[PDB]
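Next comes start-v6.txt, with compact mmCIF, C-alpha atoms.
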# COMPACT_ATOMS: atom_id res chain seq x y z
CA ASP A 1 -106.18 8.67 -24.43
CA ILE A 2 -104.79 12.24 -24.57
CA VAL A 3 -107.10 15.27 -24.91
CA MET A 4 -105.87 18.58 -26.15
CA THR A 5 -107.99 21.29 -24.65
CA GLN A 6 -107.60 24.28 -26.91
CA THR A 7 -108.45 27.84 -25.91
CA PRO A 8 -110.27 29.71 -26.90
CA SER A 9 -112.46 28.03 -29.51
CA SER A 10 -113.11 31.53 -30.79
CA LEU A 11 -110.27 34.09 -30.74
CA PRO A 12 -111.57 37.00 -32.87
CA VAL A 13 -108.65 39.13 -33.92
CA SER A 14 -107.99 42.41 -35.65
CA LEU A 15 -105.31 42.69 -38.37
CA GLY A 16 -101.99 43.54 -36.79
CA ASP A 17 -103.26 42.16 -33.47
CA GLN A 18 -101.52 39.97 -30.88
CA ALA A 19 -103.05 36.44 -31.08
CA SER A 20 -102.72 33.65 -28.52
CA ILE A 21 -104.00 30.07 -28.61
CA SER A 22 -103.11 27.45 -25.97
CA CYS A 23 -103.25 23.68 -25.33
CA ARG A 24 -103.41 21.79 -22.14
CA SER A 25 -103.21 18.06 -22.59
CA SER A 26 -104.82 15.63 -20.18
CA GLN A 27 -101.25 14.44 -19.53
CA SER A 28 -97.67 15.27 -20.44
CA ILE A 29 -96.82 15.31 -24.13
CA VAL A 30 -93.28 14.20 -23.48
CA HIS A 31 -91.15 11.35 -24.81
CA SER A 32 -88.93 9.35 -23.68
CA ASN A 33 -87.08 9.84 -26.13
CA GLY A 34 -86.95 13.49 -24.92
CA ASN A 35 -89.05 15.45 -27.38
CA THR A 36 -92.59 16.63 -26.86
CA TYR A 37 -94.16 16.25 -30.30
CA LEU A 38 -96.60 19.09 -30.14
CA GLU A 39 -97.48 20.56 -33.51
CA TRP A 40 -99.72 23.46 -34.48
CA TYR A 41 -101.77 23.43 -37.65
CA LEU A 42 -103.54 26.17 -39.50
CA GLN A 43 -106.51 25.35 -41.65
CA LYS A 44 -107.62 28.25 -43.85
CA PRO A 45 -111.31 27.99 -44.98
CA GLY A 46 -111.12 26.05 -48.26
CA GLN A 47 -107.91 24.19 -47.61
CA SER A 48 -106.34 21.21 -45.84
CA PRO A 49 -104.61 21.94 -42.61
CA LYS A 50 -101.05 23.05 -43.01
CA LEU A 51 -98.22 22.75 -40.58
CA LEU A 52 -97.12 25.79 -38.62
CA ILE A 53 -95.20 24.61 -35.61
CA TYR A 54 -93.68 21.28 -34.75
CA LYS A 55 -91.71 20.11 -31.71
CA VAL A 56 -93.78 22.55 -29.59
CA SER A 57 -91.82 25.64 -30.62
CA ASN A 58 -90.40 25.01 -34.09
CA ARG A 59 -91.61 27.14 -36.95
CA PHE A 60 -92.05 25.09 -40.08
CA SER A 61 -90.36 25.78 -43.42
CA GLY A 62 -91.83 28.99 -44.87
CA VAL A 63 -94.11 29.76 -41.91
CA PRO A 64 -93.82 33.47 -41.09
CA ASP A 65 -91.72 34.59 -38.09
CA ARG A 66 -94.79 36.04 -36.44
CA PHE A 67 -95.85 32.49 -35.37
CA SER A 68 -94.21 31.10 -32.26
CA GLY A 69 -94.44 27.87 -30.30
CA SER A 70 -93.40 27.92 -26.63
CA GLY A 71 -95.09 25.46 -24.33
CA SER A 72 -93.55 22.88 -21.95
CA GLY A 73 -94.60 19.40 -20.78
CA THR A 74 -98.38 19.86 -20.47
CA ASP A 75 -99.18 23.41 -21.59
CA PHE A 76 -98.40 24.91 -24.99
CA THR A 77 -99.31 28.16 -26.59
CA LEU A 78 -99.13 29.31 -30.17
CA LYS A 79 -98.74 33.06 -30.43
CA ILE A 80 -99.06 35.22 -33.51
CA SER A 81 -97.73 38.69 -32.88
CA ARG A 82 -99.14 40.35 -36.03
CA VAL A 83 -102.19 38.65 -37.46
CA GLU A 84 -102.81 39.06 -41.20
CA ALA A 85 -105.59 38.11 -43.59
CA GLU A 86 -103.44 35.11 -44.57
CA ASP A 87 -103.45 33.86 -40.93
CA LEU A 88 -107.16 33.58 -40.56
CA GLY A 89 -108.30 30.03 -40.16
CA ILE A 90 -108.77 27.35 -37.59
CA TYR A 91 -105.62 26.51 -35.70
CA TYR A 92 -105.41 23.07 -34.20
CA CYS A 93 -102.85 21.94 -31.77
CA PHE A 94 -101.66 18.41 -32.15
CA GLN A 95 -100.02 16.05 -29.76
CA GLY A 96 -98.08 13.43 -31.68
CA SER A 97 -96.32 11.91 -28.68
CA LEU A 98 -98.81 9.34 -27.65
CA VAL A 99 -100.91 7.06 -29.77
CA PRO A 100 -103.55 7.91 -30.68
CA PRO A 101 -102.25 11.32 -31.48
CA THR A 102 -105.00 13.85 -30.95
CA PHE A 103 -105.88 17.39 -31.86
CA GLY A 104 -107.57 20.27 -30.15
CA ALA A 105 -111.15 21.25 -30.85
CA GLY A 106 -109.53 23.96 -32.98
CA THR A 107 -109.56 27.73 -32.54
CA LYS A 108 -111.14 29.77 -35.32
CA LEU A 109 -109.02 32.82 -35.83
CA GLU A 110 -111.52 35.18 -37.38
CA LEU A 111 -111.26 38.84 -38.27
CA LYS A 112 -112.91 41.15 -35.74
CA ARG A 113 -115.64 42.78 -37.78
CA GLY A 114 -116.62 46.48 -37.66
CA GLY A 115 -115.98 50.02 -38.92
CA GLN A 116 -91.97 19.99 -54.19
CA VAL A 117 -93.50 17.31 -51.95
CA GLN A 118 -97.19 16.75 -52.55
CA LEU A 119 -99.94 14.30 -51.63
CA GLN A 120 -102.95 13.97 -53.95
CA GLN A 121 -106.02 12.37 -52.54
CA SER A 122 -108.46 10.19 -54.41
CA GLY A 123 -111.66 12.02 -55.35
CA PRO A 124 -114.61 12.08 -52.97
CA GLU A 125 -116.67 8.97 -52.38
CA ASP A 126 -120.40 8.82 -51.87
CA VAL A 127 -120.96 5.50 -50.33
CA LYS A 128 -123.99 3.69 -48.93
CA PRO A 129 -123.88 2.85 -45.22
CA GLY A 130 -122.27 -0.55 -44.64
CA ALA A 131 -120.08 -0.28 -47.76
CA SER A 132 -116.32 0.23 -47.62
CA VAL A 133 -114.17 2.87 -49.16
CA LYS A 134 -110.54 2.80 -50.16
CA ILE A 135 -109.29 6.31 -50.36
CA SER A 136 -105.87 6.84 -51.83
CA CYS A 137 -103.18 9.39 -51.27
CA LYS A 138 -100.38 9.63 -53.75
CA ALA A 139 -97.18 11.11 -52.31
CA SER A 140 -94.79 12.51 -54.84
CA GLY A 141 -91.63 14.56 -54.52
CA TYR A 142 -90.31 12.32 -51.82
CA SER A 143 -89.74 8.63 -51.53
CA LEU A 144 -92.40 7.03 -49.44
CA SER A 145 -89.80 5.12 -47.56
CA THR A 146 -86.92 7.39 -46.54
CA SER A 147 -86.46 6.92 -42.83
CA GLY A 148 -88.76 8.89 -40.69
CA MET A 149 -91.42 9.30 -43.29
CA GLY A 150 -94.94 8.11 -42.68
CA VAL A 151 -98.42 8.97 -43.82
CA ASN A 152 -100.95 9.95 -41.25
CA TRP A 153 -104.60 9.78 -42.01
CA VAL A 154 -106.72 12.34 -40.27
CA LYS A 155 -110.41 12.81 -40.73
CA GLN A 156 -112.07 16.09 -40.22
CA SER A 157 -115.75 15.82 -39.53
CA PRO A 158 -117.95 18.87 -39.88
CA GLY A 159 -117.87 19.89 -36.16
CA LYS A 160 -115.72 17.07 -34.68
CA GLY A 161 -112.37 18.90 -34.93
CA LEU A 162 -109.55 16.98 -36.53
CA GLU A 163 -109.27 13.33 -35.54
CA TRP A 164 -106.36 11.02 -36.25
CA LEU A 165 -107.22 7.78 -38.01
CA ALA A 166 -104.08 5.93 -38.85
CA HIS A 167 -100.49 6.05 -39.74
CA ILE A 168 -98.31 4.16 -42.07
CA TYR A 169 -94.62 4.34 -41.41
CA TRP A 170 -91.83 3.99 -43.95
CA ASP A 171 -91.05 0.55 -42.60
CA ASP A 172 -94.66 -0.34 -43.23
CA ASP A 173 -95.66 0.03 -39.56
CA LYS A 174 -99.42 0.42 -39.83
CA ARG A 175 -101.07 1.78 -36.76
CA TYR A 176 -104.73 2.77 -36.46
CA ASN A 177 -106.98 4.57 -34.02
CA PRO A 178 -108.92 2.17 -31.84
CA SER A 179 -111.79 4.66 -32.41
CA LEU A 180 -112.13 3.14 -35.84
CA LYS A 181 -112.92 -0.23 -34.31
CA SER A 182 -110.34 -1.88 -36.61
CA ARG A 183 -112.27 -0.93 -39.76
CA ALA A 184 -109.36 0.91 -41.31
CA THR A 185 -106.53 -0.80 -43.15
CA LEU A 186 -103.58 1.07 -44.57
CA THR A 187 -101.82 -0.32 -47.61
CA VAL A 188 -99.16 1.10 -49.79
CA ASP A 189 -98.48 0.76 -53.45
CA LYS A 190 -94.79 1.56 -53.31
CA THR A 191 -94.46 1.73 -57.10
CA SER A 192 -97.49 3.99 -57.48
CA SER A 193 -96.22 5.71 -54.34
CA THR A 194 -99.82 5.71 -53.11
CA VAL A 195 -101.08 5.02 -49.61
CA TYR A 196 -104.54 3.53 -49.44
CA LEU A 197 -106.74 4.00 -46.42
CA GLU A 198 -109.61 1.54 -46.64
CA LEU A 199 -112.50 2.17 -44.27
CA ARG A 200 -114.58 -0.82 -43.72
CA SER A 201 -118.11 -0.55 -42.39
CA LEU A 202 -119.22 2.92 -43.02
CA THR A 203 -121.96 4.63 -41.08
CA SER A 204 -122.85 8.28 -41.60
CA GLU A 205 -120.60 8.90 -38.57
CA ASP A 206 -117.72 8.26 -40.98
CA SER A 207 -118.73 11.10 -43.28
CA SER A 208 -115.70 13.35 -43.12
CA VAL A 209 -113.09 14.81 -45.25
CA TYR A 210 -110.18 12.47 -44.79
CA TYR A 211 -106.69 13.81 -45.08
CA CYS A 212 -103.54 11.96 -45.56
CA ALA A 213 -100.61 13.90 -44.27
CA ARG A 214 -96.97 13.16 -44.36
CA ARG A 215 -95.39 12.70 -40.98
CA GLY A 216 -92.30 14.48 -42.20
CA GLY A 217 -88.77 13.74 -41.15
CA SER A 218 -87.25 13.05 -37.86
CA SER A 219 -86.20 16.57 -39.01
CA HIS A 220 -89.76 17.87 -38.60
CA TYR A 221 -90.31 15.73 -35.50
CA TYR A 222 -92.85 13.75 -37.50
CA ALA A 223 -95.00 16.77 -37.99
CA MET A 224 -97.52 16.38 -40.71
CA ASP A 225 -95.65 18.84 -42.85
CA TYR A 226 -97.50 18.03 -46.03
CA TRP A 227 -101.15 17.19 -46.41
CA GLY A 228 -103.43 16.02 -49.16
CA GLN A 229 -106.10 18.53 -50.17
CA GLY A 230 -108.34 15.99 -48.49
CA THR A 231 -110.81 13.50 -49.74
CA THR A 232 -114.44 13.82 -48.70
CA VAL A 233 -116.22 10.63 -47.83
CA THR A 234 -119.99 10.95 -47.61
CA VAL A 235 -121.83 8.01 -46.10
CA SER A 236 -125.36 8.57 -47.40
How does this structure look as structure tokens?
Amino acid sequence: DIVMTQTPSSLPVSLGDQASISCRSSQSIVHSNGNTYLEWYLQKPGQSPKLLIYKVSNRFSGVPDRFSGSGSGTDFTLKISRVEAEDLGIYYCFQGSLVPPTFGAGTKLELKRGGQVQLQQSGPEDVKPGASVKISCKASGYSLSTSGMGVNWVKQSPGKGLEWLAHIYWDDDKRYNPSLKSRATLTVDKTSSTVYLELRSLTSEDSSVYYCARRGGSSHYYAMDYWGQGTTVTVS
């Protein structure tokens, strides 16, 4: 597997400050093809993560110029020159080059103290242990099947960073994280444009908020450019 060591976890910043988060990976993030699919995500308190940087150094549509990418091969570092209230959140780096793709622990950017594509996610499920859940994720605004689109599922456990669960490609290439012990099955309802993650033998360890995210184009180097607001699964 690939581990993204993110640094620091903490990074307290003052408004207008220079901010710097980095990722080593336990190996090179390169393809073969050629591109190193390192993305950076920002996850403001109440919200799903949102894409910031893809292909290591590429600012995403409508991400302010103050964010920059710049790593190479094995070491990558998001910089924000001028932090603002908007920018406070947990940044996660994300290696999408190897399966399973993995994230960093996250880095909480937090204020130093002192002095239209859209995915909707099925409502939360409270489920007894052993039961299954089928969470849905309705993409709209794009066609679930234009080449290069896929839907990643990513769970975020309270204090287990972001973890990648599965991916469904436009050609219906379903790929899951071995960490799920084959309990996940993706399914798509092309006409309802919904992707269903079904999680099969739930234990409280599976209590997360689960996000579906669109691996965007070949344009966005399959960055998860759009994300469902999440669906919380709670295994009682």
Item to check | Near-residue 151 in chain A list (9 Å; only C-alpha atoms; drop same-chain fewer than 3 positions) as JSON, numbers by chain | outcome: {"A": [137, 139, 144, 166, 167, 168, 169, 170, 195, 212, 213, 214, 215, 216, 224]}
Next on the checklist: Restricting the calculation to only C-alpha atoms: of A:171, A:12, A:177, A:182, which residue gets closest to residue 113 in chain A?
Outcome noted: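 Among the listed residues, A:12 lies closest to residue 113 in chain A.
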Checklist entry - Which protein, DNA or RNA residues are at most 6 Å from (-112.1, -0.8, -41.6) in the file's coordinates when you count only C-alpha atoms, listed as a PyMOL selection string? => result chain A and resi 182-185+199-200
Tell me, as a CSV table (one decimal) with C-alpha atoms, in the coordinates of the input, which residues lie within 12 Å of residue 93 in chain A, counting only C-alpha atoms; anything in the same chain fewer than 2 positions away does not count.
chain,number,residue,atom,x,y,z
A,3,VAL,CA,-107.1,15.3,-24.9
A,4,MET,CA,-105.9,18.6,-26.2
A,5,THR,CA,-108.0,21.3,-24.6
A,6,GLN,CA,-107.6,24.3,-26.9
A,7,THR,CA,-108.4,27.8,-25.9
A,8,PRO,CA,-110.3,29.7,-26.9
A,9,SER,CA,-112.5,28.0,-29.5
A,21,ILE,CA,-104.0,30.1,-28.6
A,22,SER,CA,-103.1,27.4,-26.0
A,23,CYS,CA,-103.2,23.7,-25.3
A,24,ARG,CA,-103.4,21.8,-22.1
A,25,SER,CA,-103.2,18.1,-22.6
A,29,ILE,CA,-96.8,15.3,-24.1
A,37,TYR,CA,-94.2,16.2,-30.3
A,38,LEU,CA,-96.6,19.1,-30.1
A,39,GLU,CA,-97.5,20.6,-33.5
A,40,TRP,CA,-99.7,23.5,-34.5
A,41,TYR,CA,-101.8,23.4,-37.6
A,42,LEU,CA,-103.5,26.2,-39.5
A,43,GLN,CA,-106.5,25.4,-41.6
A,49,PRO,CA,-104.6,21.9,-42.6
A,50,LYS,CA,-101.0,23.0,-43.0
A,51,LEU,CA,-98.2,22.8,-40.6
A,52,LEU,CA,-97.1,25.8,-38.6
A,53,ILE,CA,-95.2,24.6,-35.6
A,54,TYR,CA,-93.7,21.3,-34.8
A,55,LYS,CA,-91.7,20.1,-31.7
A,56,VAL,CA,-93.8,22.6,-29.6
A,57,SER,CA,-91.8,25.6,-30.6
A,69,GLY,CA,-94.4,27.9,-30.3
A,71,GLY,CA,-95.1,25.5,-24.3
A,75,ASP,CA,-99.2,23.4,-21.6
A,76,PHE,CA,-98.4,24.9,-25.0
A,77,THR,CA,-99.3,28.2,-26.6
A,78,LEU,CA,-99.1,29.3,-30.2
A,79,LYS,CA,-98.7,33.1,-30.4
A,90,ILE,CA,-108.8,27.4,-37.6
A,91,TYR,CA,-105.6,26.5,-35.7
A,95,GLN,CA,-100.0,16.0,-29.8
A,96,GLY,CA,-98.1,13.4,-31.7
A,101,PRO,CA,-102.2,11.3,-31.5
A,102,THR,CA,-105.0,13.8,-31.0
A,103,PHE,CA,-105.9,17.4,-31.9
A,104,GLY,CA,-107.6,20.3,-30.2
A,105,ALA,CA,-111.2,21.2,-30.8
A,106,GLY,CA,-109.5,24.0,-33.0
A,107,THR,CA,-109.6,27.7,-32.5
A,108,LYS,CA,-111.1,29.8,-35.3
A,161,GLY,CA,-112.4,18.9,-34.9
A,162,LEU,CA,-109.6,17.0,-36.5
A,163,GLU,CA,-109.3,13.3,-35.5
A,223,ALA,CA,-95.0,16.8,-38.0
A,224,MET,CA,-97.5,16.4,-40.7
Checklist entry - Pick from A:34, A:150, A:62, A:230: nearest to residue 187 in chain A, with all atoms listed in the file counted? => result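 Nearest candidate to residue 187 in chain A out of A:34, A:150, A:62, A:230: A:150.
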Item to check | Spatial neighbours of residue 73 in chain A, max dist 7 Å, all atoms listed in the file, sep filter under 6 positions, as number ranges by chain | outcome: A: 28-30, 36
Item to check | Selected residue, from A:65, A:126, A:17, A:205, that lies nearest to residue 84 in chain A when counting only C-alpha atoms | outcome: A:17
Checklist entry - Contacts of residue 156 in chain A at 8 Å or less, counting only C-alpha atoms, minus same-chain residues fewer than 2 places along, as JSON, numbers by chain? => result {"A": [154, 158, 160, 161, 162, 163, 208, 209, 210, 211]}
Checklist entry - Could you pull the residues within 8 Å of residue 18 in chain A, counting all atoms listed in the file, minus those fewer than 5 positions along the same chain, as a VMD selection string? => result chain A and resid 13 79 to 83
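If you measure from each of A:173, A:130, A:217, A:121 to residue 143 in chain A using all atoms listed in the file, the closest one turns out to be A:217.
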Checklist entry - Which residue gives the smallest distance to residue 196 in chain A among A:226, A:153, A:221, A:176, with all atoms listed in the file counted? => result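 Closest to residue 196 in chain A, using all atoms listed in the file: A:153.
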Next on the checklist: With distances taken over all atoms listed in the file, which residue among A:125, A:87, A:110, A:172 lies nearest residue 11 in chain A?
Outcome noted: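 The closest residue to residue 11 in chain A is A:110.
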Checklist entry - Counting only C-alpha atoms, which residues come within 10 Å of (-99.6, 11.0, -55.9), with the point read in the file's coordinates, and could you list them as a PyMOL selection string? => result chain A and resi 117-122+136-141+192-195+228
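With CA of residue 152 in chain A on one side and CA of residue 165 in chain A on the other, the separation reads 7.4 Å.
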Checklist entry - Could you work out how far CA of residue 14 in chain A lies from CA of residue 112 in chain A, giving the answer in Å with one decimal? => result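 Value for the CA of residue 112 in chain A-CA of residue 14 in chain A distance: 5.1 Å.
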